[PDB]
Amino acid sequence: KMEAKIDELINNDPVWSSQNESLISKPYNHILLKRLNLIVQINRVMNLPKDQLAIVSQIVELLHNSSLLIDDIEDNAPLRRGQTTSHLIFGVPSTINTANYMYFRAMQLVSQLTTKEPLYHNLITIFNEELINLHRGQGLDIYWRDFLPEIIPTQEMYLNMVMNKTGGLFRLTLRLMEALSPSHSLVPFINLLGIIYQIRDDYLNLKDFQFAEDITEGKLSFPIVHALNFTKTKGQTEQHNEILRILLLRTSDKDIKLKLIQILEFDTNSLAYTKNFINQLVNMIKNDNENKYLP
């Protein structure tokens, strides 16, 4: 009877049940109890039909939530949107696998946006290209952090890193939408929005504390990049080294975290230099009277 069961098995597609699907989805569902608006809004110009716009939205939602699951493991984050990160509940093993599984489920949804073989290819190429960019950006962010102080990035290296890491999903959402549109490309505008988005995230992480987790993580955030480069240039060796020492401590010590922020506030004035940089990027749009970036 043994041979018979093996025969049945190898001749059928692999078995997968609804219950199993549930087991593997747990780390993902956990983060769901936590961007669409932007798609809505941009559609007032792309006017994709609603059921197709929904799939796009579902694809962006899978990639985004899955990327955070992985990012929190990569950043040793204890919290995300006020709750315990999934890896601390389901373990790093299941969370990595679930997140990665969701990347491929998102991919499968791509083949359901169209049956037109020419267009499908483009949708897949876009998906593939931006996922590649996302990992390149994320890899560099991680590399600088984990090899510190081997390489201290410049503002320009940081901006290119951000174009990959944060612009990736913004560009993916948008490029899909433009290729599907039944009706000037908006990628430049979405690139700039991604950059603004990331620098703002980096700024707020320190400003709402002054958790300041970026310090505990030892992240080469926009203000840290500024401060490190500012002290190096003004030959303020000791402050330069003090910033590195605190980042390398990977500390959760509130007093130490505060010490580093005061360095950026009083010494380099990096927080105020960032605030101004963000405003300078937003003004590039507030003053886009020629509508060169805006629609």
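Each residue number is its position in the shown sequence, starting from 1.
Where residue 34 is followed by residue 35 in the displayed chain, the model omits 4 to 9 of the deposited residues that sit between the two.
Coordinates are lacking for 4 to 9 deposited residues between residue 210 and residue 211. In this entry, 120-128 shows the higher mean Cα temperature factor of the pair 133-141 and 120-128.
For the segment pair 64-72 and 48-56, the entry gives 48-56 the higher mean B-factor, averaged over Cα atoms.
Of all the options 227, 248, 40, 260, the entry's greatest CA B-factor is assigned to 40.
Residue set 185, 85, 191, 216: peak C-alpha B-factor at 185 (per PDB entry). For residue 180, the recorded CA B-factor ranks within the highest third of the chain. Only modelled residues enter the ranking. Looking at the C-alpha B-factors along this chain, the one for residue 17 belongs to the middle third. Residue 200: CA B factor in the middle third of modelled residues in this chain (values from the PDB entry). For residue 25, the recorded CA temperature factor ranks within the lowest third of the chain's modelled residues. Residue 264: CA B factor in the highest third of modelled residues in this chain (values from the PDB entry).
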